[PDB]
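This report concerns only the one structure given below.
Protein chains: 4
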Amino acid sequence: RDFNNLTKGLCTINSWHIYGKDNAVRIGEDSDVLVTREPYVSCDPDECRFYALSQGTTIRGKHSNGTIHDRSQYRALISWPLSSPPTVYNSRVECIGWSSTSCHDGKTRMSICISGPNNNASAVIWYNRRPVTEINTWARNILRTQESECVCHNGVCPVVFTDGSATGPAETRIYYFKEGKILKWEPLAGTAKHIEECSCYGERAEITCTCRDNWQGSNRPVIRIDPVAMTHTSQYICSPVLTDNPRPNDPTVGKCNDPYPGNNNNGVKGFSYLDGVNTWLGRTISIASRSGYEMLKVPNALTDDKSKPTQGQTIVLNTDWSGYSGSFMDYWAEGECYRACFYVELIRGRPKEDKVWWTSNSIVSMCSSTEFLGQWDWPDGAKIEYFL
Amino acid sequence: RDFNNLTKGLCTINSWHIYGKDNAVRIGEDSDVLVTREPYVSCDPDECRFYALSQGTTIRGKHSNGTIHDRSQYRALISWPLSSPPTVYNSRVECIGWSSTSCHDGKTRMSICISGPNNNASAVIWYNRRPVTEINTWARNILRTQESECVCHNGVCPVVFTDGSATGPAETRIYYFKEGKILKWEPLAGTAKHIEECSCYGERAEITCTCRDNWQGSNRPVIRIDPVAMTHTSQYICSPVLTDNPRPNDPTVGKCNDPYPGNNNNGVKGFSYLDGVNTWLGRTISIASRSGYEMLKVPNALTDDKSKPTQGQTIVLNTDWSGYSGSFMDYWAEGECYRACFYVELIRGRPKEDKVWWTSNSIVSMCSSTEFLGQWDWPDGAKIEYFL
Amino acid sequence: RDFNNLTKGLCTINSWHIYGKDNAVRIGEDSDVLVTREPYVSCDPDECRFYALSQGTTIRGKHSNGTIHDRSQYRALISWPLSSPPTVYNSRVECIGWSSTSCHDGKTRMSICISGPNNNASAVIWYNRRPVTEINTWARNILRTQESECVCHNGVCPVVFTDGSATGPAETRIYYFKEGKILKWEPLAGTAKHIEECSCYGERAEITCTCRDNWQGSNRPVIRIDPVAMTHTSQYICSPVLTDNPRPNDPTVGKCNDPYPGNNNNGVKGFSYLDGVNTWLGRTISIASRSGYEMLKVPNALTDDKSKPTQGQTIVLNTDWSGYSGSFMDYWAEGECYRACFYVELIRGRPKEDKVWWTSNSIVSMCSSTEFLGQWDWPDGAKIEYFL
Amino acid sequence: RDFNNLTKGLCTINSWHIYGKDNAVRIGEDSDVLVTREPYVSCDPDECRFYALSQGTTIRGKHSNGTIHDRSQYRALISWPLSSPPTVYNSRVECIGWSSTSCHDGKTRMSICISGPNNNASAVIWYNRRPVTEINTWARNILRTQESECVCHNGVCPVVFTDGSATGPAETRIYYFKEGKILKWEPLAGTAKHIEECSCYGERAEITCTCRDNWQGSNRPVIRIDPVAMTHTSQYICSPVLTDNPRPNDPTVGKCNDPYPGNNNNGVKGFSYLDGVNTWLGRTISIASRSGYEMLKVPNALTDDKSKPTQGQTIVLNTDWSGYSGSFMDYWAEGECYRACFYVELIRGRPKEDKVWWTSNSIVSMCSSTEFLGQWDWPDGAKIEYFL
Ligand SMILES: *[C@@H]1O[C@H](CO)[C@@H](O[C@@H]2O[C@H](CO)[C@@H](O[C@@H]3O[C@H](CO[C@H]4O[C@H](CO)[C@@H](O)[C@H](O)[C@@H]4O)[C@@H](O)[C@H](O[C@H]4O[C@H](CO)[C@@H](O)[C@H](O)[C@@H]4O[C@H]4O[C@H](CO)[C@@H](O)[C@H](O)[C@@H]4O[C@H]4O[C@H](CO)[C@@H](O)[C@H](O)[C@@H]4O)[C@@H]3O)[C@H](O)[C@H]2NC(C)=O)[C@H](O)[C@H]1NC(C)=O
Ligand SMILES: *[C@@H]1O[C@H](CO)[C@@H](O[C@@H]2O[C@H](CO)[C@@H](O[C@@H]3O[C@H](CO[C@H]4O[C@H](CO)[C@@H](O)[C@H](O)[C@@H]4O)[C@@H](O)[C@H](O[C@H]4O[C@H](CO)[C@@H](O)[C@H](O)[C@@H]4O[C@H]4O[C@H](CO)[C@@H](O)[C@H](O)[C@@H]4O[C@H]4O[C@H](CO)[C@@H](O)[C@H](O)[C@@H]4O)[C@@H]3O)[C@H](O)[C@H]2NC(C)=O)[C@H](O)[C@H]1NC(C)=O
Ligand SMILES: *[C@@H]1O[C@H](CO)[C@@H](O[C@@H]2O[C@H](CO)[C@@H](O[C@@H]3O[C@H](CO[C@H]4O[C@H](CO)[C@@H](O)[C@H](O)[C@@H]4O)[C@@H](O)[C@H](O[C@H]4O[C@H](CO)[C@@H](O)[C@H](O)[C@@H]4O[C@H]4O[C@H](CO)[C@@H](O)[C@H](O)[C@@H]4O[C@H]4O[C@H](CO)[C@@H](O)[C@H](O)[C@@H]4O)[C@@H]3O)[C@H](O)[C@H]2NC(C)=O)[C@H](O)[C@H]1NC(C)=O
Ligand SMILES: *[C@@H]1O[C@H](CO)[C@@H](O[C@@H]2O[C@H](CO)[C@@H](O[C@@H]3O[C@H](CO[C@H]4O[C@H](CO)[C@@H](O)[C@H](O)[C@@H]4O)[C@@H](O)[C@H](O[C@H]4O[C@H](CO)[C@@H](O)[C@H](O)[C@@H]4O[C@H]4O[C@H](CO)[C@@H](O)[C@H](O)[C@@H]4O[C@H]4O[C@H](CO)[C@@H](O)[C@H](O)[C@@H]4O)[C@@H]3O)[C@H](O)[C@H]2NC(C)=O)[C@H](O)[C@H]1NC(C)=O
Ligand SMILES: CC(=O)N[C@H]1[C@H]([C@H](O)[C@H](O)CN)OC(C(=O)O)=C[C@@H]1N
Ligand SMILES: CC(=O)N[C@H]1[C@H]([C@H](O)[C@H](O)CN)OC(C(=O)O)=C[C@@H]1N
Ligand SMILES: CC(=O)N[C@H]1[C@H]([C@H](O)[C@H](O)CN)OC(C(=O)O)=C[C@@H]1N
Ligand SMILES: CC(=O)N[C@H]1[C@H]([C@H](O)[C@H](O)CN)OC(C(=O)O)=C[C@@H]1N
Ligand SMILES: *[C@@H]1O[C@H](CO)[C@@H](O)[C@H](O)[C@H]1NC(C)=O
Ligand SMILES: *[C@@H]1O[C@H](CO)[C@@H](O)[C@H](O)[C@H]1NC(C)=O
Ligand SMILES: *[C@@H]1O[C@H](CO)[C@@H](O)[C@H](O)[C@H]1NC(C)=O
Ligand SMILES: *[C@@H]1O[C@H](CO)[C@@H](O)[C@H](O)[C@H]1NC(C)=O
Ligand SMILES: *[C@@H]1O[C@H](CO)[C@@H](O)[C@H](O)[C@H]1NC(C)=O
Ligand SMILES: [Ca+2]
Ligand SMILES: [Ca+2]
Ligand SMILES: [Ca+2]
Ligand SMILES: [Ca+2]
Ligand SMILES: [Ca+2]
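Chains as they are written, first to last, in the deposited numbering: chain A, 82 to 169, 69A, 170 to 333, 335 to 392, 394 to 412, 412A to 412B, 413 to 468; chain F, 82 to 169, 69A, 170 to 333, 335 to 392, 394 to 412, 412A to 412B, 413 to 468; chain D, 82 to 169, 69A, 170 to 333, 335 to 392, 394 to 412, 412A to 412B, 413 to 468; chain W, 82 to 169, 69A, 170 to 333, 335 to 392, 394 to 412, 412A to 412B, 413 to 468.
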């Protein structure tokens, strides 16, 4: 119809309610479920769907052997109905590649997939299910993007890309697309020192992205974008409640404009909702591995270097496997505010469970409630022994 | 379009004709059919579908082991095309949880799923396929609801919930929703002493629910709701033709305002159509187990404590397994009256058939005819031996 | 939109071209294909689909054992996309039962399914996918109907039913439905002595049905219906080219008003297009079994007792299994005439191939061409050995 | 809506970007994927889909044995969603046969399938999913057509057919269809000596087809059609960069009006985009077998007998199997030019991999970019060993 505008603010988050869960690995033990990873959720004006990068094989298939690998010619961004598992028969391919993002601008959807060898990758930007623009690697070192939805405002949909080292300075760019065409791009600015896999959301004409500093930071870098002026800033979440993984133990004071030290060259895609006292941070419970997942209300986390939790909610027990997490919202819902949502990737198989030769995941997703709801934990639920 | 109003009365029920049957267990012996239980049927203005609580695994899958359990994080309310089986590929998830209800108000559908641990469950009310309202447990003891469709009148859709003991007084509430929002709720009133799993239908601006008194009654409690005044009353079916299970043998006089004694702390979801002489009661044939199913015309059953059958129809032989049963009607059909319909859950597996490690069911459904049709019996049809 | 009227005459049939083929048994050897029998084809104004009576199990499933049986509670009329096989995941249930017919009147579709025990069967007439009318058995001996599509004219859709003996006089009725309601019914009249499984088509406001005289005739009875006056006549195809099966060898002169003798109490559903010199008869090649299938142009077959073939086309070799056959046409196609079409059921399994415990079929369908096209044979194509 | 007119010219091809890939053989190792061959891609105004000739069996099915054979009664033209694999459950049958073409004219789609024995084949032309016209074999020797999409201009859709010898002069005809009806046909004219499997595209009211001279040429014949005058010309690509397979090594000067000698009675379906300096040729890397695939920019290839490459892009490594290739474009995309696209059939199984008894393929497809994108290779990806 008309382009969507981020006219609302976030609803007050007093707890999180279950939104979707596909139990993909449980079901796929005996049905034609595709092996995936790097999942996310994204809404169209009339439907919300699950998204992920297929590995081009079913979990029970012999080709599932080796799916711990990230980039192959057999991967593709697929989407499927909310809470259903990604099956061979219900998965819709959005584009071919091993790194992606996708978002609806109110009129139609833009999907981006990057493919190619490490030194010669390229992004293809699809709009209205047709390829429109292509961007060649600029640093010749794994051109890569968000792995979760982008956000649009009056037709302008910013996307964060990184090309270059994962263990030193890299070349991050913010591209501003409209109808799949490049309006402008700019190099990363601000104090964030390394950027990977940004998780974004929008409210009141501003887009906030919480990313991953793979090089040095255990606190997460934050990029705030003005989609009208097509400009941005960057910094780190100030709070001493560290949210990357692996990470050192939480200190009493964090860092606002530099990576909090202790862990180098590693991390995990994550997210946050930074809205004054209505601020909630997601993180794995373990400081060593992708185990467990919790949401912590940390008032003013972005700007207060001593901010600590005032409330929380466990999503996945520390005795269960988690993984990537990111933000999304249904910008086309009723009401006066945008309801914050997120998903957690529940990785099964390698490297943590190496009795099987594959790596896959299932999805759990939650949205905020203004009520203070009781909590439950949401594990993947599959028994690896069954796959032996 | 416009909200549906219960403007018609029930058609005269002279017999029951076959409406739908999915043969799910037979088919699922060699196809990707999801394990389910607590099924029902519900219509939209342009389509009627089967509904149930999936267990998040196929019947042949190794994860089917243990599906006798009621509440897990792997359950979800799913719907699928009438008379097709609930497969991985055709089942649409309405919401996540282990207790549910759903109904269309003429404009769109409201679905409710409750999830969480026993002492911290919560209901999430979805409208137009989006989460709108959440309600936290008030008694911290398995918040639970109907397990069959709710009914709407001019946008108001009442739903009966119970939180608390299953073997003593509990806290039952009647919530009046409109567009997924709470207009009002009220505590159960009247003489019904315990309420669980209400089966409802509407006619001439009144909604009648036949429920399960798990604590003490072998006769069934009845809640009648005025969706305009948003008020209700409750009592028990007076008739000595007892319809819960297990239950004592039928006496010559029943009880109108108290549970008929003889069996405690157990029961089965059931239903009835209470319309003067046009009154029909459903029940298992066995007084000891969920075996067989029959419909009995018992004129004035609700108000006459000595009422006995004047006609009947066998639905499932006593030599076949039955289970839950509930009411639904196609409020959008042509004609001058609403045609009464019902479904019977045909449970297979545990605990009655323990050679297999799973518990599931198939569905059979019938609607009324003004003709006096010949009768057939409708068993699940699967051979457990095939699953060994 | 508006009710369809049979305003066109038949196109000139100079040969038959391939229209559809599902290769169901071949494909189902390794996919979730439902066991079926009694198939047919029927068009809606915007789509033509395959129809059949499912047996409520896949072919590879253990429940396929015993599917030679005709009437069980696990059967249902299903439809699916043209030339695709009837799978668990793409088959749409139209109604429950073991005998059926279905047709579109231009506005919506009417489907009829009969179910029940031999002495207490009933038909349920569905219109716009909702049950509207029910008819109880009148002779208490396997109420049964066409097993191929009915035909409508200005909303009136006649259907032929038989109740009673299959080996002596029975009670055949012609019901005239409009919007699923009974306008009128009448007992069979004319000289046809026994009627079963009528195959019908319409042209120029007249509906012609070629049926099966199971009791005594090897020539086929013909019922011609006037859907406006709602009246009919009946006789037999006069031609000595006999078309039932089993049957005696072809004589030089046939019978116009009595069954041609030689074979009793058996037969097969079949069809014909009776249009003066543009007359074509279908039949099995074998006079003893459901083997092979050919189309023969027999000018004036209906009225000329000495009529013999002037042209022909082999459809299935005598070395391949055939079965039921019936007529259908796309009444919503472009052009000035209706193109005659037919399907042949290719039965596999029991009783002819008893190394397997099941009975099923695939479908082949053809339509007429005004060209004189080269011919090919169209067998089922599956290797029974693969199923052992 | 309105008939599409070829009003645009080709976009400048500076490189090729990944468009679609189904990984059919990898996925089908453990899912119900149909065996196919002779694939292509074709767009409708609102969707682009994959097309191919099914063999009427799954790859894992026992009936996959023998699928190296080209013409059987179990083949059909099927289409399915872009980049999904051709499964039993998502494949839509367009028509029955073993040779085909299909194209959308802007209003609806025309599909053509040829079937029958070698000496009595016939084509059936479908329009708006209904059979409209039939054409009988004129040379009684494998009537056959394009195996890739046709192209339309103002309702007129030319199609190239060949009937007769594959190793000597044959009878090629160009048929001009409109709404599935024959407007005109004409015998092949010009200097092309043998024509098979034309790959076509349109721009600025002209349709260009690059075909296969199976008899003598290793250079490819080219037919250029004027769809308004309904006339055509034919010649060969002049360039010494030979593009059929098998073929002799590249010479320094080619042949414009005669087959370049060296290899007889064999070839492979292929394609090219002939647009002055914006000319790109596709070909297998191997001169001996269907191994590898590359795109070569050969300015003025059509008219310059000494033209050599100025740029190139590898699509499939010479160490991987390729096969048929053809052209298609999305004539309904936005922008001022038509973006050239192509697909490559990746054949797996027999005859090159005879450890398995089947022959099938997967699909990879690319479209042009005005950027100079980095290149990757795109193999089928399946491990034959897994199928043993
Ligand atoms: C029914 O459901 C309801 C609703 O969910 C349940 O009630 C919920 O209960 C939760 C558990 O108690 C509770 O969550 C906690 O909230 C705390 C904040 O509230 C408290 O503090 C404020 C501040 O003054 C008070 O106002 C308030 O009244 C409370 O006292 C959080 O602090 C909790 O998080 C911390 O603990 C958990 C372990 O439980 C850690 O996993 C988490 O990371 C936090 O602790 C780590 O981090 C801090 C910050 O740096 C450190 O100080 C601390 O030492 C920990 O650090 C170690 O561990 C981390 C992670 O491994 C590691 O990185 C680091 O290096 C260190 O090793 C927690 O979020 C909900 O708020 C509450 N909700 C409501 C509405 O009441 C109810 O119980 C249920 N009922 C039943 C019967 O079950
Ligand atoms: C073709 O199809 C037609 C259509 O279906 C078939 O005709 C149908 O036939 C049915 C079977 O006969 C018949 O159903 C019965 O109707 C009885 C009512 O009709 C009779 O009574 C009235 C009243 O005066 C008369 O007007 C009428 O003419 C009849 O005489 C019911 O009473 C029957 O139900 C009772 O019997 C069955 C066993 O058959 C029980 O399962 C059922 O629960 C009822 O009996 C129990 O309950 C009562 C009430 O408390 C007790 O009094 C009784 O002792 C039983 O109690 C024990 O069992 C229960 C359950 O296990 C347990 O809880 C309790 O503790 C005790 O242990 C029955 O419904 C249809 O009405 C009739 N329909 C028509 C239109 O005619 C026809 O036969 C078919 N043709 C062929 C050739 O097959
Ligand atoms: C390329 O394709 C084209 C197009 O298909 C092929 O050409 C077609 O060729 C067909 C085969 O020759 C041909 O079909 C036959 O047509 C005959 C009619 O045409 C002839 O007669 C007329 C009449 O005077 C002439 O005008 C005309 O020129 C011809 O001479 C039919 O009579 C044929 O049917 C009979 O034979 C077949 C066996 O082939 C039987 O199966 C069939 O049932 C018919 O015979 C039985 O029935 C009659 C009637 O009672 C009896 O008289 C006879 O004895 C048989 O009875 C026994 O068998 C039956 C069945 O088992 C049993 O019930 C009974 O009791 C007895 O035991 C046949 O239909 C097409 O018309 C022709 N089409 C065209 C357009 O030309 C061409 O060949 C192909 N090219 C190549 C190179 O292959
Ligand atoms: C990141 O990605 C980019 C983008 O893809 C990569 O850059 C690309 O690199 C490609 C490989 O170098 C390059 O492709 C080649 O282009 C050549 C044309 O460019 C050159 O010549 C012109 C002309 O003067 C110059 O202007 C230009 O600057 C270059 O020097 C082609 O000639 C190449 O094709 C030939 O070689 C390949 C083998 O590599 C053959 O497979 C191919 O068939 C061509 O050679 C055969 O055919 C010719 C013509 O007859 C014969 O002369 C020759 O002897 C060969 O013949 C034998 O082999 C054939 C086939 O088997 C057989 O039939 C025959 O009988 C003989 O046996 C090739 O296409 C891209 O243009 C370039 N793109 C860009 C934008 O730069 C970059 O490398 C990547 N980066 C990294 C770090 O990897
Ligand atoms: C493009 C790509 O390969 N992305 C991969 C990403 C990067 O390796 C990381 O961001 C360091 N640069 O890591 C992970 C991961 O689970 O940690 C998964 C992604 N598939
Ligand atoms: C929420 C929940 O668990 N409901 C379960 C219900 C209750 O246990 C019963 O109503 C006693 N309170 O029992 C049964 C049952 O087959 O009997 C199935 C339901 N899954
Ligand atoms: C209602 C029913 O059972 N119809 C069956 C029909 C009758 O038995 C026959 O018409 C004799 N009355 O026979 C056959 C058959 O293959 O011959 C199949 C049908 N399923
Ligand atoms: C109609 C038909 O059979 N076409 C086949 C075609 C012809 O044999 C060739 O064009 C020589 N005439 O060859 C091939 C092939 O892979 O080479 C596949 C096609 N299925
Ligand atoms: C978003 O804002 C622009 C005004 O700049 C307007 O064009 C558009 O209609 C707005 N979108 C909606 C849904 O109102
Ligand atoms: C139901 O009743 C209300 C009048 O209160 C009206 O708004 C609505 O239109 C009615 N619904 C229909 C379908 O007529
Ligand atoms: C069929 O005929 C009746 C006239 O009796 C008319 O109502 C109807 O419109 C006709 N149908 C069509 C499609 O014209
Ligand atoms: C194509 O051209 C013809 C004019 O001959 C016109 O009828 C038609 O509208 C044109 N198509 C479009 C999409 O404009
Ligand atoms: C495939 O077919 C050939 C030819 O009939 C036969 O020899 C071979 O054994 C078959 N292989 C399988 C696996 O069926
Ligand atoms: Ca880090
Ligand atoms: Ca009870
Ligand atoms: Ca399987
Ligand atoms: Ca007979
Ligand atoms: Ca050649």
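Using N, Cα and C, we set each Cβ at its ideal position, and we do this for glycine too.
Looking at the C-beta of residue i, does it have a partner C-beta in chain A at a distance below 9 angstroms?
i	result
F:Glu251	no
W:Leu163	yes
Assuming contact is defined by CB atoms lying nearer than 9 angstroms, are residue i and residue j in contact in what I supplied?
i	j	result
A:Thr384	A:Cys337	yes
F:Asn221	F:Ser245	yes
D:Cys232	D:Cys183	yes
D:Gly177	D:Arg210	no
So is residue i in contact with chain F if we call contact Cβ pairs under 9 angstroms?
i	result
A:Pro166	yes
Using a Cβ-Cβ distance cut-off of 9 angstroms, determine whether residue i contacts chain W.
i	result
D:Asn359	no
Residue i CB to nearest chain C CB: under 9 angstroms?
i	result
F:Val114	Structure shown: chain C not included; protein chains present are A, F, D and W.
Given 8 angstroms, three or more beta-carbon pairs between the stretch 438-454 of chain D and the stretch 102-111 of chain D: Per the Cβ contact rule, the stretch 438-454 of chain D is in contact with the stretch 102-111 of chain D (3 or more Cβ pairs under 8 angstroms).
Interfacial residues, the stretch 212-240 of chain W to chain D, with Cβ spacing under 7 angstroms: Here the close residues are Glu214, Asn216, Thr217.
Residues of the stretch 141-155 of chain F with Cβ closer than 7 angstroms to any Cβ of chain A, in chain order: Per Cβ criterion, the list reads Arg141, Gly142, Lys143, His144, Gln154, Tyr155.
Meets three-Cβ-pair contact criterion under 8 angstroms: the stretch 140-157 of chain D and the stretch 110-123 of chain F: Result yes; three or more Cβ-Cβ pairs closer than 8 angstroms.
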